[PDB]
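Reading through the structure tokens given below for one structure.
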Amino acid sequence: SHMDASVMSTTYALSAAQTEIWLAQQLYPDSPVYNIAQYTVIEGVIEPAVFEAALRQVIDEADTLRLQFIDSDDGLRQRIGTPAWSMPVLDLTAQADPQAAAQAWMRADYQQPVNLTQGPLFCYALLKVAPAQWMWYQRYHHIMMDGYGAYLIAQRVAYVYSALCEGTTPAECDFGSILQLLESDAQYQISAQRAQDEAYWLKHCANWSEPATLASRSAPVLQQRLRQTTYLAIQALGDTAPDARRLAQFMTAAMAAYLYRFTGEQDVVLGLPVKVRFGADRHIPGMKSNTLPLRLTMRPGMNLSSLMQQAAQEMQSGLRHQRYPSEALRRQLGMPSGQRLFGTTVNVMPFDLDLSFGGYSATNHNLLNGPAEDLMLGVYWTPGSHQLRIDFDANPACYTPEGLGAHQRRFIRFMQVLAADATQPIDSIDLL
Ligand SMILES: CCCCCCCC(=O)SCCNC(=O)CCNC(=O)[C@H](O)C(C)(C)COP(=O)(O)OP(=O)(O)OC[C@H]1O[C@@H](n2cnc3c(N)ncnc32)[C@H](O)[C@@H]1OP(=O)(O)O
């Protein structure tokens, strides 16, 4: 079959991270849990023709957006292809409730599983929800985009659209090619760097135990996350974290403390999503992120400062080795097939939420952030702002909306009490 020879000749292997997504997606091919999505609210007038010109330009510039996947006897393969696509424009301003109609439209798209060999793998759409209020909806499959990549694209699209609105030529894009991302990952897989990283992680999680969880059960995730959202003032942590790093340290320390106070587990392993973007990888939209195991030991009557100490140590030791995939680590330690290294992940996203489109201000709002195996604490923070957005994303098989809400309210309060006195022992604090 010359047809099969040609597909193998004209394609590239998936990266390790892409492969892990592909395998998980194959387990539940009808589950939409690997869709990621957000919308950008623009407080102004958008011209859809110019917006679509900007999207065409960024689809040329971010070639991950033109990735095509083709199955082979040696697994899924990819190439820079020729996806057909369109930008729907919906004026919902005459609806009884335009905001709800916009949410319903976006949800109708992101609830649908993407077929990886047919696409479309992304969706871009414009939804007018009030006079001078527009929403730009962005949806991706996780195999070809992660959070930082989506952030890079939204920034570029805002920039290009603003230049085209002004009638000037957009300055040259600084994105690299997804091909160089793939080649660098291919070299990592056979690298001595990876052998070192693996050694560190095997030594680090030498032996384990069932992860502390807030649910009555552990189950695979098949449905879209249950989400509870709270907006919090960053005054409520003091100056504990004027820093993305220290914010991640505080969020992990607090979540570990909550898990201990609620479950009695003293060895709490959390998942810490990381970007895995050094050097040139910082400018290549596509799928790159990893999730590290982060171990926090709850000593007798220890305080918040101690826990944050411990978390900072874990981060400063393990972040250098962040390229080693956590599922590779799982397999290599020889764990039971279905059992995780962590159930609760702490996803801190210090990405600027603000944009400007044609002199009009805009803000980003997450809709989907990946699968919620158990519980994921998503934290959105524009560096410098005094405001955080905190999501509890949970597996619907393991949590109820109101149980999750009660946990979030208890945790938010607990968290504010901890940051109100980092020296207080965590056993000594009442919780709702
Ligand atoms: C469409 C909707 C979009 C949203 C969908 C999201 C879907 C997803 O699930 S994808 C995941 C999204 N989440 C993320 O990307 C997580 C981002 N957050 C984080 O990475 C962590 O929380 C955070 C904030 C602690 C990372 O902290 P950060 O300071 O950036 O560390 P990082 O840049 O990774 O590297 C630092 C360490 O790497 C090590 N390192 C190794 N090599 C190098 C190198 N060449 N250069 C620099 N550091 C290196 C060093 O030890 C370094 O430590 P230090 O700077 O102290 O010397």
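Quick note on naming: the chains in the structure tokens go A, B, ... in the order shown, residues restart at 1 in each chain, and ligands are numbered from 1 in order of appearance.
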Set the cut-off to 8 Å, count only C-alpha atoms and all ligand atoms, and list whatever residues fall near ligand 1 as number ranges by chain. A: 36-39, 138-140, 142, 145-151, 244-249, 272-279, 287-290, 315-322, 346-350, 366-371
Show which residues sit within 10 Å of residue 126 (chain A), as a short mmCIF file (atom, residue, chain, number, x, y, z; two decimals) with N, CA, C and O atoms, in the first residue's frame. Count only C-alpha atoms, and ignore same-chain residues fewer than 5 positions away.
data_model
loop_
_atom_site.label_atom_id
_atom_site.label_comp_id
_atom_site.auth_asym_id
_atom_site.auth_seq_id
_atom_site.Cartn_x
_atom_site.Cartn_y
_atom_site.Cartn_z
N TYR A 39 -13.18 32.65 26.69
CA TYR A 39 -13.73 33.71 25.87
C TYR A 39 -13.15 35.03 26.33
O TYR A 39 -12.72 35.19 27.48
N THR A 40 -13.06 35.96 25.39
CA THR A 40 -12.51 37.28 25.65
C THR A 40 -13.64 38.28 25.45
O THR A 40 -14.23 38.34 24.37
N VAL A 41 -13.95 39.01 26.51
CA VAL A 41 -14.98 40.05 26.46
C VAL A 41 -14.31 41.37 26.09
O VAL A 41 -13.41 41.84 26.80
N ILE A 46 -16.34 45.76 17.61
CA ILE A 46 -15.50 44.88 16.79
C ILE A 46 -16.07 44.86 15.38
O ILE A 46 -17.29 44.78 15.19
N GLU A 47 -15.17 44.94 14.38
CA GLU A 47 -15.53 44.73 12.98
C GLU A 47 -15.18 43.31 12.58
O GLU A 47 -13.99 42.98 12.50
N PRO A 48 -16.15 42.44 12.32
CA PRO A 48 -15.84 41.01 12.13
C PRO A 48 -14.93 40.73 10.94
O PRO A 48 -14.13 39.80 11.01
N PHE A 51 -11.48 41.34 12.17
CA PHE A 51 -11.14 40.31 13.14
C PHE A 51 -10.78 39.00 12.43
O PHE A 51 -9.85 38.30 12.84
N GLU A 52 -11.51 38.68 11.36
CA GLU A 52 -11.24 37.43 10.66
C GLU A 52 -9.93 37.52 9.88
O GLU A 52 -9.19 36.53 9.78
N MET A 87 -15.25 31.56 10.80
CA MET A 87 -15.46 32.30 12.05
C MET A 87 -16.93 32.66 12.13
O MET A 87 -17.38 33.60 11.46
N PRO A 88 -17.75 31.93 12.89
CA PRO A 88 -19.16 32.31 13.01
C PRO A 88 -19.27 33.67 13.69
O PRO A 88 -18.44 34.04 14.53
N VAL A 89 -20.26 34.44 13.25
CA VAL A 89 -20.59 35.74 13.84
C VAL A 89 -22.06 35.69 14.23
O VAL A 89 -22.91 35.49 13.36
N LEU A 90 -22.35 35.85 15.52
CA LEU A 90 -23.71 35.78 16.03
C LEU A 90 -24.00 37.05 16.80
O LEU A 90 -23.32 37.34 17.79
N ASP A 91 -25.00 37.79 16.34
CA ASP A 91 -25.51 38.95 17.06
C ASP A 91 -26.63 38.47 17.96
O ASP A 91 -27.72 38.15 17.48
N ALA A 102 -25.19 33.55 24.71
CA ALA A 102 -23.78 33.40 24.37
C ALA A 102 -23.15 32.24 25.12
O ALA A 102 -22.41 31.43 24.54
N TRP A 134 -18.67 42.59 22.80
CA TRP A 134 -18.42 41.40 22.00
C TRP A 134 -17.69 40.35 22.81
O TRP A 134 -16.95 40.66 23.75
N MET A 135 -17.92 39.08 22.46
CA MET A 135 -17.15 37.97 23.00
C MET A 135 -16.46 37.25 21.85
O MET A 135 -17.12 36.88 20.88
N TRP A 136 -15.14 37.06 21.96
CA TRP A 136 -14.37 36.21 21.04
C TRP A 136 -14.16 34.88 21.75
O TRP A 136 -13.45 34.81 22.77
N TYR A 137 -14.82 33.83 21.25
CA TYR A 137 -14.74 32.49 21.81
C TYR A 137 -13.58 31.73 21.17
O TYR A 137 -13.40 31.80 19.95
N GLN A 138 -12.78 31.04 21.98
CA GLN A 138 -11.64 30.25 21.50
C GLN A 138 -11.71 28.87 22.12
O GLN A 138 -11.74 28.74 23.35
#
Near residue 300 (chain A), within 9 Å and counting only C-alpha atoms, which residues show up once chain neighbours fewer than 6 positions away are dropped, as a VMD selection string? chain A and resid 266 425 427
Put those residues in a file: N, CA and C atoms, as a compact mmCIF listing (two decimals), in the first residue's frame.
# COMPACT_ATOMS: atom_id res chain seq x y z
N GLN A 266 -1.07 12.71 56.22
CA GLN A 266 0.09 13.52 56.56
C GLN A 266 1.08 13.66 55.42
N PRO A 425 -0.43 27.07 64.16
CA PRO A 425 -0.54 25.65 63.78
C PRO A 425 -1.87 25.38 63.10
N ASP A 427 -3.57 22.60 62.95
CA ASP A 427 -4.51 21.80 63.73
C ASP A 427 -5.41 22.66 64.60
I need the residues of region 204-248 of chain A that end up classed as helix (DSSP H, G or I) by DSSP on the backbone, written out as a list in words.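 Put together, the selection reads residues 204, 234, 235, 236, 237, 244, 245, 246, 247 and 248 of chain A.
Looking only at region 128-190 of chain A, the set that DSSP places in strand (DSSP E) from backbone geometry is residues 128, 129, 130, 133, 134, 135, 136, 137, 138, 139, 140 and 141 of chain A.
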